[PDB]
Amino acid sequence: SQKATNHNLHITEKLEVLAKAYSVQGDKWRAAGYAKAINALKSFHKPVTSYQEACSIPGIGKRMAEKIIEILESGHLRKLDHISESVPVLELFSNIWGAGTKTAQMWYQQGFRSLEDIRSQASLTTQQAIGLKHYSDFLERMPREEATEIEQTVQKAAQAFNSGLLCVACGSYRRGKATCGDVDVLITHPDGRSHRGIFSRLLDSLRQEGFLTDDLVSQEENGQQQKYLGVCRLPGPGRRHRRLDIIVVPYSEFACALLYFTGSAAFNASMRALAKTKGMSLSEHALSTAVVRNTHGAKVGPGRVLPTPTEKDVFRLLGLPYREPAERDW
């Protein structure tokens, strides 16, 4: 399935252009449609060669096929030459951290057209300014090698003040990709408690040696802190700034946090959607049953948290065959 080579790269390459286009424009679902088809093509055991062949792949309809036939026969899609040249800018703006569809739309509607304009005439949030300062660096993905060296840093720094702590790099890393956009580290402790309030001793230790360089999201006042979104950079010459993502969780939620943080996103939403049909609910906390809702139908009480010691148990209960991380791209 997934872990195979894209036999239809030339096809998806272009469709991918539309997907992103419709996305920034706000057409969420239409873009979602393409996304699905694209993934379908990617995982196809062989390369598509005919119009009919495309129509046989679930997720591909006439319209989509019509575009496939054009590319397979002319090597070029016409729809691409007719995209508001306003999209490039939007795509450019939304690529800023903390900047999304709305924000990117706002700036454009205000005259801005280049990162130079925004870099001097736009109203930026502490987050956005950081995303802009490291714009070029956040565009590049890192080698599984570098990613690994980052996890180790966070881990050794954690086990530095408690060897019991367990650190695991999830996300694209755990799915075994060759490159990672960022490093998603999950931290917990077997004694189901030694994890409580440790961000301070961790974040400080990182800042101390200079590892961490920026902070995007981190409520360091409260002790109920859960996630951390910042920027780091390993020692040495020619080092780029990488996006870090760390979360601390109770050893009693490990199985559900690992599933979540491992993703992928599409995979999560999909799986979570399924649970919703079995009268359950999935999250990084646990897999529960239907919540208590009074006459009105208002959630008045939590559902019964089912026992999920490992990931496998989550699937079993959901009535699905366990899928390796690598096979969870979508």
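Numbers follow the displayed sequence, beginning with 1.
Asker: Taking the recorded C-alpha temperature factors, which stretch has the higher mean, 291-299 or 60-68?
Answerer: Here the higher of the two C-alpha B-factor means belongs to 291-299.
Asker: State which stretch shows the higher mean Cα B factor in the entry: 248-256 or 94-102.
Answerer: According to the PDB entry, the answer is 94-102.
Asker: Looking at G111, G176, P143, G181, which has the highest Cα B-factor in the entry?
Answerer: Spelled out: the listed residue with the top C-alpha B-factor is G111.
Asker: So among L234, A122, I187, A147, who wins on Cα B-factor in the entry?
Answerer: Answer, based on the entry's C-alpha B-factors: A122.
Asker: How does the C-alpha B factor of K28 compare with the rest of the chain: lowest, middle or highest third?
Answerer: CA B-factor rank for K28: highest third.
Asker: Pull the Cα B-factor of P88 out of the PDB entry and bin it into the chain's lowest, middle or highest third.
Answerer: Its C-alpha B-factor belongs to the highest third of this chain's values.
Asker: Going by the CA temperature factor in the PDB record, which third of the chain does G238 belong to: lowest, middle or highest?
Answerer: Middle third, going by the recorded CA B-factors of the chain.
Asker: Would you check the entry's CA temperature factor for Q152 and let me know if it's in the chain's lowest, middle or highest third?
Answerer: Lowest third of the chain for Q152's C-alpha B-factor.
Asker: Lowest, middle or highest third of the chain for the C-alpha temperature factor of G75?
Answerer: Within its chain, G75 is a highest-third residue by C-alpha B-factor, going by the deposited values.
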